[PDB]
Amino acid sequence: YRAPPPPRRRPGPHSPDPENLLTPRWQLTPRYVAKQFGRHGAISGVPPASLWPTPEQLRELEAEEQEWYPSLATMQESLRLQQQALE
Amino acid sequence: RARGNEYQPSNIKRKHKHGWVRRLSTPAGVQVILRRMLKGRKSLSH
Amino acid sequence: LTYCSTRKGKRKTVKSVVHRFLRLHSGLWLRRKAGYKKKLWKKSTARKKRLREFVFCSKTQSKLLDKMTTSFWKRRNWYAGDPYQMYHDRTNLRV
Amino acid sequence: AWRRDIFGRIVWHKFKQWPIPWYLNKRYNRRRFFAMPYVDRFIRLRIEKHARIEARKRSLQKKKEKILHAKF
Amino acid sequence: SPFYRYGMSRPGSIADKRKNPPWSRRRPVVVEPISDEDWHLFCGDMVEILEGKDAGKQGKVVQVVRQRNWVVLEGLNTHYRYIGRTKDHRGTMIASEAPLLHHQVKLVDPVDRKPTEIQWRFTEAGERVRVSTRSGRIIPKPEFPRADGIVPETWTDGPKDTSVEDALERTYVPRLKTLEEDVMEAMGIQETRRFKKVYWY
Amino acid sequence: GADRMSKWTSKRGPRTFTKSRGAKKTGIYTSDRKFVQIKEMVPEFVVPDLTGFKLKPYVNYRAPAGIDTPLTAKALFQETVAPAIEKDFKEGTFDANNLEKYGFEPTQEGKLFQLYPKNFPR
Amino acid sequence: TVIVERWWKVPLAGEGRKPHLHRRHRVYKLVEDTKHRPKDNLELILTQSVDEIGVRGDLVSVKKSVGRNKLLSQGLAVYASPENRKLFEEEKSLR
Amino acid sequence: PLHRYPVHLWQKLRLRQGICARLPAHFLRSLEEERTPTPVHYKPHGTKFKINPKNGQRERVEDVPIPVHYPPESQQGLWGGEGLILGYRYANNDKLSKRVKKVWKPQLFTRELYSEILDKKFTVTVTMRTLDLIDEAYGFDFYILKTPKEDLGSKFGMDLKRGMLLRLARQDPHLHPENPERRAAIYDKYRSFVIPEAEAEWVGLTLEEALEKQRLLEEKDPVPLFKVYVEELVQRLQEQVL
RNA sequence: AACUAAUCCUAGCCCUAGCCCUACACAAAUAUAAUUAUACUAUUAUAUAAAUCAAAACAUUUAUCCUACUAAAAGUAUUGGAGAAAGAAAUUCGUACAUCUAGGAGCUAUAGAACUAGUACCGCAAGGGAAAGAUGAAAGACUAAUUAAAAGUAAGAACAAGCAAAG
Ligand SMILES: [Mg+2]
Ligand SMILES: [Mg+2]
Ligand SMILES: [Mg+2]
Ligand SMILES: [Mg+2]
Ligand SMILES: [Mg+2]
Ligand SMILES: [Mg+2]
Ligand SMILES: [Mg+2]
Ligand SMILES: [Mg+2]
Ligand SMILES: [Mg+2]
Ligand SMILES: [Mg+2]
Ligand SMILES: [Mg+2]
């Protein structure tokens with residue numbers, strides 16, 4: 001006998017069918033799309049501008065940053081006041 | 001007295017108490033019929 | 001306790017143990033003395049000092065506490081400025 | 001017409017001749033051509049019951065082919 | 001019925017009813033499936049026995065039980081039995097044939113008497129005909145007497161049997177009228193009343 | 001103790017219980033407990049005259065059976081309607097409105113024998 | 001309306017999932033019943049002159065029951081929407 | 001054996017086959033989409049993060065809507081998303097007391113409401129929340145027109161919306177006849193909500209109503225094959241003459 | 001020198017894989033006391049699952065039951081008569097054999113489906129629910145053989161004395 005051809009992983013970018021109900025949800029997110037570009041680069045067909053945050057998304061990131069991540073000067077000033085209160 | 005003769009047959013009573021029209025009158029009775037259909041009973045009701 | 005959990009199929013820690021005892025990596029367990037915060041106005045000074053101390057657990061108690069906790073609580077933790085840094089190891093122990 | 005009976009099945013209904021229209025016939029109107037929600041659980045059970053029968057029949061054919069090829 | 005076993009006795013006969021009662025649950029016989037196209041053996045075909053007690057002896061088919069892939073040859077593969085036995089008398093000794101499976105015989109070339117394997121192929125007219133694999137030739141379908149015993153040529157019809165001409169006479173005249181309308185007009189019935197409106201539901 | 005598998009018929013049950021055996025009604029029960037048979041409701045057998053008829057129950061075994069060709073709407077249409085329309089089309093005297101001229105029936109109402117819904121028995 | 005809060009914490013479900021609830025998540029406590037709140041006033045622009053409220057076109061704040069029961073239903077007043085505000089404002093300026 | 005599809009996808013599959021598939025695309029969008037109604041019986045979390053007071057750490061928080069029971073009577077009224085809360089309580093409000101069945105019932109009122117687009121006064125069972133929402137919407141017509149299906153939560157409410165939308169879509173002169181100027185003013189005031197006549201027809205219909213509507217649209221008596229064959233014959237004969 | 005019996009192998013079943021479905025298969029009859037060719041007399045699911053049980057009692061509470069992608073984060077954070085127990089997410093990973101209808105260190109008649117059958121039979125009813133079969137290529141060859149072989153008997157009752165045997 002001759003053995004069957006060796007099993008191989010499917011090559012190239014893979015875009016699942018959106019309409020098909022069976023197709024798993026996780027494969028249709030933008031997160032999945034970006035992963036195709038990372039592995040296969042240009043041949044993925046992803047428009048690179050999509051990889052970066054969109055202007056509405058950019059505002060959300062900046063809004064989140066201000067609330068929870070203060071600037072160095074504010075951090076220093078608050079620490080200074082606490083020492084004075086302790087002193 | 002001697003027991004064991006509690007069945008006193010009467011066709012009018014039998015069909016009124018356990019018949020087709022009686023079973024379909026209430027949803028609980030209809031579900032009785034559905035159960036017997038799913039089992040494959042030859043006799044769904046009296 | 002739970003040996004095989006429904007969701008993950010794993011052993012489960014008894015959290016009442018984690019809330020009362022400290023495990024040193026060498027295998028020892030630390031605990032407080034029962035009653036060290038109770039009715040101090042009628043206890044002798046030497047008695048109060050004995051109560052305040054941190055105390056070790058016996059071999060059987062250590063074996064039980066090992067069964068009631070999972071491996072995550074037995075690992076090495078490299079805490080900066082750890083006050084128990086020196087007590088996670090045994091020195092000159094021949095036995 | 002194609003109608004759903006009270007048991008949740010689809011059956012062809014043969015019409016009968018009457019001298020009055022359907023909305024004025026009290027005997028006819030008492031007949032129900034709809035199924036209430038308590039029937040859906042039974043509808044699924046029939047589908048699953050039938051699916052088991054089909055699965056066994058297909059398996060048995062495959063088993064029977066084994067005997068033929070082994071024998072011949 | 002799944003447990004029915006096809007035998008030499010014709011189905012539905014007294015012998016078959018005795019053999020195949022409703023309660024019989026005998027082990028199924030395994031038969032190699034053969035398509036209607038695949039089968040090439042027919043009653044009246046001369047065939048040769050490849051192997052067995054009568055290997056190499058040519059015979060004529062007289063019965064075919066397709067459900068068992070059987071072909072029965074007249075006067076061959078024959079054992080002995082007593083027919084018509086009764087309490088008083090033994091009966092008459094006869095030689096009884098046994099069924100032969102399809103692969104145990106081969107069809108015979110007509111001009112040269114040899115066991116030629118054959119292949120199915122169409123003809124100019126389009127009629128399907130068996131052709132020999134080697135020495136390509138047309139092996140015609142043989143003619144066998146009708147099972148019921150009716151010989152059409154010798155048949156002479158008695159009363160209650162339509163004559164040929166009468167059966168083949170054409171009287172139909174296509175028209176958009178039902179049998180009911182045709183008969184009433186032919187029979188001269190007159191009806192001017194009409195059914196009142198009926199509601200179907 | 002009752003028999004559930006046997007059929008429910010009028011022989012069983014009390015005298016008050018009655019039901020038919022499938023015979024079609026031939027009349028009406030009026031008030032005063034009177035049966036009134038209707039002549040029209042009683043089926044009448046239309047029997048032809050069999051004198052001189054050449055067809056008998058059986059056929060000659062020598063009579064060839066024909067190739068089976070079940071009748072279809074197209075086959076009926078070609079035999080009956082096509083020649084008339086074809087002839088009229090050549091003469092040019094054809095219009096959509098007068099399909100009734102060739103045998104079309106716009107409606108079944110008013111016919112003694114209606115094709116749908118059928119109003120006559122076999 | 002009635003506003004209720006669960007006694008028992010519900011574990012988080014994640015972005016694309018719905019939490020699976022249990023019998024204990026059906027036990028509630030009453031945070032508030034809106035019936036007992038202090039009641040706001042409702043603002044209308046009059047379409048006529050009605051006693052003790054003002055002349056046609058005035059802007060008033062009235063009890064909600066009074067506004068709905070009489071002013072709105074009887075046609076005396078109209079809702080003080082921005083579109084209504086603009087129209088009546090123009091009329092007064094011309095007047 | 002196993003079903004090919006998970007049970008939760010069964011409804012979607014049916015909408016994709018049969019007479020359901022022939023329904024208009026816009027109508028199916030309303031059926032397919034699942035949108036959560038505005039919170040009524042619980043306070044939503046203002047932020048997506050809060051500080052857990054015990055350990056002082058930022059923790060993600062989610063809104064879990066309270067299950068609310070909507071009686072069939074509510075479909076004959078315009079409750080402002082309110083419903084029956086079927087739940088449990090702890091006697092004396094302590095976790096260590098008995099668990100008691102508790103039902104919180106909305107306070108219902110009967111009120112008269114006037115629709116300008118329909119020029120009709122309806123008697124409706126209503127809650128104080130609905131009256132407040134109508135005030136926020138600047139009129140009964142605006143409340144019905146603006147509010148979505150989920151928040152409206154009434155088959156009667158959806159039925160009213162279809163009437164208003166169809167009235168606007170057709171610019172029907174049946175509104176205030178003999179006063180064309182008043183009719184125009186009302187239509188102009190609500191001009192923002194105008195949509196195509198075809199879409200307005202299917203607004204608020206249930207799936208069963210839609211299937212009956214579609215069945216009626218496509219209902220037709222079969223064509224006598226006499227006509228069909230004649231058309232085929234005439235075309236062939238006409239072509240031959242050409 | 002044998003009776004009662006015993007032997008047998010396939011009917012089918014089990015679990016996966018794959019796959020949505022679209023079968024809804026004469027006439028007539030039937031919702032009336034179903035299966036009765038026509039009028040009388042109108043027609044319509046349910047508010048939260050509970051308890052057993054665990055907590056060595058029980059009274060808040062007790063995984064699955066009461067489903068929303070795998071593996072990891074993690075039995076961690078958190079929740080809990082802070083007891084018994086319960087228990088995430090953020091965040092990372094995953095193209096699943098693809099192709100056509102395949103596969104078995106699965107069962108072989110007390111097994112494997114309850115199934116030869118939801119039958120017989122039992123129950124007023126809801127409901128419960130069995131048992132079994134075996135010739136050969138041919139029976140259009142008289143229905144096959146094979147086996148000191150189970151218990152039980154027979155062929156062949158017994159003969160002072162005893163856990164019935166052992167020396
Ligand atoms: Mg008894
Ligand atoms: Mg009595
Ligand atoms: Mg996650
Ligand atoms: Mg207990
Ligand atoms: Mg006790
Ligand atoms: Mg107890
Ligand atoms: Mg309890
Ligand atoms: Mg068995
Ligand atoms: Mg059994
Ligand atoms: Mg013996
Ligand atoms: Mg002795």
# chains A, B, ... in the order shown; residues from 1 in each chain; ligands from 1

$ residues_around --residues "residue 145 of chain E" --least-positions-apart "3" --cutoff "12 Å" --atoms "only C-alpha atoms (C1' of nucleotides)" --output "PyMOL selection string"
chain E and resi 43-44+62-63+142+148-153

$ residues_near_ligand --ligand "ligand 6" --cutoff "12 Å" --atoms "only C-alpha atoms (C1' of nucleotides) and all ligand atoms" --output "PyMOL selection string"
chain I and resi 51-53+57-59

$ interface_residues --of "chain H" --to "chain I" --cutoff "8 Å" --atoms "only C-alpha atoms (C1' of nucleotides)" --output "list in words"
residues 3, 4, 5, 60, 69, 71, 86, 87, 95, 96, 97 and 98 of chain H

$ write_last_selection --atoms "N, CA and C atoms" --output "PDB file, in the first residue's frame"
ATOM      1  N   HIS H   3     -29.607  16.790  17.244  1.00  0.00           N
ATOM      2  CA  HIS H   3     -30.150  17.753  16.298  1.00  0.00           C
ATOM      3  C   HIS H   3     -29.010  18.464  15.585  1.00  0.00           C
ATOM      4  N   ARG H   4     -29.216  18.776  14.306  1.00  0.00           N
ATOM      5  CA  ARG H   4     -28.168  19.449  13.548  1.00  0.00           C
ATOM      6  C   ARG H   4     -27.886  20.833  14.115  1.00  0.00           C
ATOM      7  N   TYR H   5     -28.928  21.551  14.518  1.00  0.00           N
ATOM      8  CA  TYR H   5     -28.797  22.910  15.008  1.00  0.00           C
ATOM      9  C   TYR H   5     -29.138  22.987  16.493  1.00  0.00           C
ATOM     10  N   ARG H  60     -15.617  45.210  37.291  1.00  0.00           N
ATOM     11  CA  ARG H  60     -16.632  45.322  36.254  1.00  0.00           C
ATOM     12  C   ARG H  60     -18.011  45.025  36.832  1.00  0.00           C
ATOM     13  N   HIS H  69     -43.468  39.856  34.672  1.00  0.00           N
ATOM     14  CA  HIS H  69     -44.591  39.133  34.088  1.00  0.00           C
ATOM     15  C   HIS H  69     -45.606  40.130  33.541  1.00  0.00           C
ATOM     16  N   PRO H  71     -49.256  40.440  32.107  1.00  0.00           N
ATOM     17  CA  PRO H  71     -50.505  39.691  31.938  1.00  0.00           C
ATOM     18  C   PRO H  71     -51.125  39.952  30.578  1.00  0.00           C
ATOM     19  N   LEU H  86     -43.039  39.069  40.016  1.00  0.00           N
ATOM     20  CA  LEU H  86     -43.245  37.853  40.791  1.00  0.00           C
ATOM     21  C   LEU H  86     -41.905  37.444  41.381  1.00  0.00           C
ATOM     22  N   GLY H  87     -41.793  37.503  42.694  1.00  0.00           N
ATOM     23  CA  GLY H  87     -40.538  37.200  43.333  1.00  0.00           C
ATOM     24  C   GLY H  87     -40.712  36.730  44.749  1.00  0.00           C
ATOM     25  N   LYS H  95     -31.631  38.341  55.846  1.00  0.00           N
ATOM     26  CA  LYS H  95     -31.337  37.122  55.104  1.00  0.00           C
ATOM     27  C   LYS H  95     -31.646  35.858  55.897  1.00  0.00           C
ATOM     28  N   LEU H  96     -31.647  35.929  57.226  1.00  0.00           N
ATOM     29  CA  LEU H  96     -31.837  34.756  58.069  1.00  0.00           C
ATOM     30  C   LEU H  96     -33.298  34.505  58.423  1.00  0.00           C
ATOM     31  N   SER H  97     -34.230  35.220  57.800  1.00  0.00           N
ATOM     32  CA  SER H  97     -35.650  35.022  58.029  1.00  0.00           C
ATOM     33  C   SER H  97     -36.240  34.167  56.911  1.00  0.00           C
ATOM     34  N   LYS H  98     -37.546  33.935  56.984  1.00  0.00           N
ATOM     35  CA  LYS H  98     -38.205  33.089  56.002  1.00  0.00           C
ATOM     36  C   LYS H  98     -38.223  33.750  54.631  1.00  0.00           C
TER      37      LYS H  98
END

$ interface_residues --of "chain I" --to "chain D" --cutoff "8 Å" --atoms "only C-alpha atoms (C1' of nucleotides)" --output "PyMOL selection string"
chain I and resi 24+31+38-39+41-43+45

$ residues_near_ligand --ligand "ligand 9" --cutoff "8 Å" --atoms "only C-alpha atoms (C1' of nucleotides) and all ligand atoms" --output "list in words"
residues 114, 115 and 130 of chain I

$ write_last_selection --atoms "C-alpha atoms (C1' of nucleotides)" --output "PDB file, in the first residue's frame"
ATOM      1  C1'   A I 114     -39.660  -2.927  26.962  1.00  0.00           C
ATOM      2  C1'   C I 115     -40.305  -4.677  21.949  1.00  0.00           C
ATOM      3  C1'   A I 130     -44.569  -9.726  29.294  1.00  0.00           C
TER       4        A I 130
END

$ closest_residue --among "G:52, G:86, G:70, G:16" --to "chain A" --atoms "only C-alpha atoms"
G:16

$ interface_residues --of "chain B" --to "chain F" --cutoff "10 Å" --atoms "only C-alpha atoms" --output "NGL selection string"
:B and (7-12 or 14 or 42-46)

$ interface_residues --of "chain D" --to "chain H" --cutoff "9 Å" --atoms "only C-alpha atoms" --output "ChimeraX atom specification"
/D:48,51-52,55
